[PDB]
Amino acid sequence: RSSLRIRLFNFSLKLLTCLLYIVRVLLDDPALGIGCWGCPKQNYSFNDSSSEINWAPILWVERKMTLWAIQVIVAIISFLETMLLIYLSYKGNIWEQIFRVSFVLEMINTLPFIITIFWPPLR
């Protein structure tokens, strides 16, 4: 039953990172300042008259030094285990894994944490 333990751990990992996202949004205050990771954080306001919307608040969310690293760690383990299962079980088909709609959500929500390591300004 070791395979069931692996999926149970992965299920715990996915619910843990979603809750850590809640922890982030609870401790992320935009009015203090929103910017690109250090220098130039810029305060913002919303104008109902001007139809243009500023994307910097949406594009940018402040992440704590502890929070960004632990999410990267959790994402990597979830990334490791899912492709541990993918490489473990082929069952006579190498294709069709990405068209089943679970690979896209796993990959699009995980590797961005991997690429943020390369660029400190993108954390």
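In its metadata, the entry names cryo-EM as the structure determination method and reports 2.66 Å as the resolution.

Help me understand the packing of aromatic side chains, please; the structure alone is not making it clear to me.
Within a pair of aromatic rings, the relevant descriptors are the distance that separates the centres and the angle that separates the planes. This structure, assessed with the given rule, holds zero aromatic pairs. The side chain of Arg24 reaches across the aromatic face of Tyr21, ending 4.6 Å from its centre. When the ring centre of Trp68 is taken as reference, the NZ or CZ atom of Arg123 above it lies at 5.1 Å.

Please explain the environment of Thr110 as it appears in this structure.
With respect to the element layout, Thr110 can be found in helix α4 (residues 103-118). The class of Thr110 is buried, set by a relative accessible area of 11%. Separated by 36 residues in the primary sequence, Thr110 and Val74 place their C-alpha atoms 9.3 Å from one another. Here the side chain of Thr110 touches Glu106 through a polar contact of 2.6 Å, landing on its backbone oxygen.

Cut-offs applied
Residues numbered from 1 in each chain as written, not as in the entry; some residues may be left out. Part of a larger assembly, values for the part shown. Heavy atoms only, no water. Residues with missing side-chain atoms left out of burial classes, pairs and counts. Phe/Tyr/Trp six-rings, centres within 6.5 Å; stacked < 30°, edge-to-face > 60°. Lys NZ or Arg CZ within 6 Å of the ring centre and 35° of its normal. Helix = DSSP H or I, 4+ residues; strand = E, 2+ residues; numbered from the N terminus. Buried < 20%, exposed > 50% of the residue type's maximum accessible area, 1.4 Å probe, protein only. Polar contact = N/O pair within 3.5 Å; in protein donor to acceptor, adjacent residues only side chain to side chain.

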